[PDB]
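Participant: Take this structure, written in structure tokens, and hold onto it; I'll ask about it next.
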Number of protein chains: 2
Amino acid sequence: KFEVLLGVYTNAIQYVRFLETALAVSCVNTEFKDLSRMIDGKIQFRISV
Amino acid sequence: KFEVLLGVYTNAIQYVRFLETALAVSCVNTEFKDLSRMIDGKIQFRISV
């Protein structure tokens, strides 16, 4: 008996981008090429009550 | 190395007027009234059923 194979198939490793999904409504994005030189990001509010 | 200031924000105070809200439906206003010109003005109502 000759053992005939019928094809070597593979899983399609799909690209999944974070901006591609709709989870990126729950944040806004910003490309930062040197994030690791930041040690401490500080934001500030002022509430005139 | 740096600490980053990611901006700073404040609120805008709502300039609500008594005429801007609908409570002025309940009360008729005046052009003016400079007080202490009357202590008791004694506006008197002469109705007749």
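Participant: Assume the label is 7 Å from Cα along Cα to beta carbon: what separations in nm does B:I47 have to the matching positions in the other copies?
Facilitator: For B:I47, the other copies' label points sit at 4.9 nm, shortest first.
Participant: Checking the cross-link filter: which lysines have an alpha carbon closer than 23 Å to that of B:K1, excluding same-chain neighbours under 8 positions apart?
Facilitator: A:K33, A:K42
Participant: Here's another thing I want to ask about it. For peptide A:28-40, how many partner chain Cβ atoms fall within 10 Å of a residue's Cβ, on average? Kindly include the intermediate steps, with their values, before the conclusion.
Facilitator: Details: counts 0, 0, 1, 0, 1, 0, 1, 1, 1, 3, 5, 4, 4.
Counting Cβ atoms of other protein chains within 10 Å of each residue's Cβ and averaging gives 2.
Participant: Here is a further query. Find the centroid of the Cα atoms in chain B and in chain A, then give the distance between the two in whole Å.
Facilitator: Chain B and chain A have Cα centres spaced 51 Å from each other.
Participant: A further question on this structure: Once the Cβ-Cβ distance between A:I47 and A:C27 is put in as r, and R0 is 35 Å, what FRET efficiency do you end up with, to the nearest 0.05? Mind dumping the intermediate values first?
Facilitator: Working: r = 23 Å, r/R0 = 0.66.
The pair A:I47/A:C27 has a calculated efficiency of 0.95.
Participant: Rounded to the nearest 0.05, what FRET efficiency do B:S36 and B:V8 have when you use their Cβ-Cβ distance and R0 = 41 Å? Before the final figure, lay out each step's value.
Facilitator: Details: r = 47 Å, r/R0 = 1.14.
Once the sixth-power term is evaluated, E becomes 0.30.
Participant: Moving to a separate point now. Can you pull a Stokes-Einstein diffusion coefficient for chain B at 20 °C (1.002 mPa s), Rh from Kirkwood over Cα pairs, as a whole number of µm²/s? Can you show the working numbers first?
Facilitator: Numbers: Rh = 17.3 Å.
Result for D is 124 µm²/s.
Positions of Cβ are backbone-derived with ideal geometry, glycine not excepted, and every protein chain shown enters the neighbour counts. Each reported figure results from applying straightforward, stated rules to the coordinates on display, with no laboratory input.
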